[PDB]
Ligand SMILES: S=c1[nH]c2ccccc2o1
Ligand SMILES: [Zn+2]
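Written as structure tokens, this is what we have:
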């Protein structure tokens, strides 16, 4: 019954998911002056040329664009990672206003939205097993700021009216996720967790420094989605982000400068 309302939002999650107050929870604020450059960090390897998207689903919390992860197709490697991580889905977190929406923050700055490209470590066989491991997932986080339109995001925006409510899905084949990436792959990285229940501490976070720009019309359409199912009172799907959590005993490393 968890969600993003006053009654079941982030401040309530710890009751059903005690790990919400754990030692490596996400998101976090990225203090740019405190993040240390790690010359040993390798360039990130994002290989999405063979990606096979399949479907887009409104799950009542956000919408997921799902991929075929039964083979090494779209994969993330390098950077802070050991091994190969397969892309399984991507989703976003956004706000009701352009001044809020991202989960991670940069020197306390909030972006209008944040894209999460979720990948799982192939050494664990499947996603369900991977989330039970400290190095099971690698999530590539990309900030969205409002300005010029992002062409590669338009196919997603255009299909949203067909998955307006919780439980609705639609075919979403032949979508190229490379169109959602910024020019630079410079990043910050730290050990964290899923940002919605079950809040499992299985994620190596890789957050890109360069945000992508999307238009006001594009994000406006995200805000027309519904948290509710069809035939239920309309609750706009906005502010589906968890605020920054205590960094605790962790160091955020930078791949640049
Ligand atoms: S980020 C991110 N990826 C996730 C996958 C499953 C459940 C929660 C999640 O949060
Ligand atoms: Zn997420």
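Numbering (this note's numbering), first residue to last: 1 to 257.
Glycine is no exception: its CB is placed at the ideal position from the N, C-alpha and C atoms.
- With a threshold of 7 Å, the Cβ atom of residue 116 counts as near ligand 1, since some heavy atom of the ligand is closer than that.
- The beta carbons of residue 198 and residue 17 sit closer together than 8 Å.
- DSSP places residue 53 in the strand class (E or B) of the three-state scheme.
- Take residue 66, set aside five residues on each side of it, and the residues of its chain with a beta-carbon closer than 6 Å to its own are 54, 55 and 89, in chain order.
- When beta bridges are read from the DSSP output, residue 87 appears opposite 119.
- For residue 210, there is no enclosing beta strand (DSSP E), as DSSP gives it neither H nor E.
- In its chain, beyond the 5 residues on either side, 165 have a beta carbon closer than 6 Å to the beta carbon of residue 230.
- Sequence-distant partners of residue 157 (beyond 5 residues in either direction) whose C-beta falls short of 6 Å from its own C-beta, in its chain, are 218 and 221.
- Within the same chain, Cβ atoms closer than 8 Å to the Cβ of residue 72 are found at 84, 86 and 122, the five residues on either side in sequence being excluded.
- In the DSSP assignment, residue 180 forms no beta bridge with any residue.
- A straight line joining the alpha-carbon of residue 33 with that of residue 110 spans about 17 Å.
- DSSP places residue 158 inside the alpha helix (DSSP H), whose first and last residues are 154 to 159.
- Taking all protein chains in view, the Cβ of residue 29 is crowded by 16 or more other Cβ atoms within 10 Å, so the residue is classified as buried.
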